[PDB]
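Next up: a single chain in structure tokens, the form deposited in one PDB entry.
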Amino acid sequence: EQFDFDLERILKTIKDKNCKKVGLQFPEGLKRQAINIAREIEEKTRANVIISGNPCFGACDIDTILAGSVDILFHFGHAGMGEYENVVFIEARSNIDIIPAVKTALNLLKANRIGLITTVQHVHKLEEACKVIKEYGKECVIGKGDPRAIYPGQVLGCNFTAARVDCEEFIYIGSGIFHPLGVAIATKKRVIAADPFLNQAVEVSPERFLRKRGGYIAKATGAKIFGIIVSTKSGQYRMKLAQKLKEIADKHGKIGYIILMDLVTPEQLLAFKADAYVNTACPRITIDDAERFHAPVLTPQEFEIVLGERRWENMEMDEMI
């Protein structure tokens, strides 16, 4: 409901480092605060501000052109990714209480070893949730992150490393269906989604999602020409994979053309009129935004299946690691 910007710390950093030019980058939900924050910086420091106006979907999406034009770029809403010279990551952790939703999920647990995952805006609250589940008699573990998702318990739409742990079931804390869906697909374990805003908890089963999707990607079985999508965004670029996929298509008597872009949208893909697309950019596009693409959009593994390169199986999660 509210988010914590480290504003007094940002001002100190600017005044301490004597920055004269300061960049600001916000995910879409936080752009509503950009002008207010610019105002504070310009009124209380001698720096002048440039706000990034582009969509920003994550720490995978750094405005590197802006960073190369300022002394420091403050990037909000996301946990840091990569290692950039002058980019400072401002967490913006959420203050919503997750304990009621966790207790709500307790009566959906079957096993005794429970794992917890969440997104970055709640990772600071997992410790007290783990205490609650251990007080209810269960064992609880919070899996460690990797270089892409640094915080224990943190998952992304493209990274489920925190869910690779010695437990039997998971509780996902947060909103939406795609994160717990991905965890259930990645681990093949039971996942309860506990929404802290609604204080409701539901089992997220992947069988429906895998089954309907499998039947649909078989539409691409008959595709002859593929567009292989590559994004230039700072943390989504997979050109070497795209060139491997193009070679595998040719090996199997089909054709892929590499299409290089920044934003991946249906409007820009409709114009090319390939039979189907393979997405090497943000993998959440493939399973969410793709529902209203006019041609099939496949993960790299799904592409290999349609080609005959690998044997059929339900969709695995396309991870970036």
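If you superpose the two forms and keep the largest set of C-alpha atoms that fall within 1.5 Å, you have the rigid core. All residue numbers refer to positions in the sequence shown, first residue = 1.
Omitted from view is the form deposited in another entry, to which the following refers.
Only one entry in 168, 195, 146, 71 has its C-alpha moved by 2 angstroms or more between the shown form and the other one when the rigid core is superposed, and that entry is 146. The rigid-core alignment places the CA of residue 313 2 Å or more apart between the shown form and the other one. Pairwise change in the other form: residue 204 and residue 149 C-alpha atoms lie farther apart than in the shown form, at least 3 Å. In comparison with the shown form, the Cα-Cα distance of residue 282 and residue 148 increases by at least 3 angstroms in the other form.
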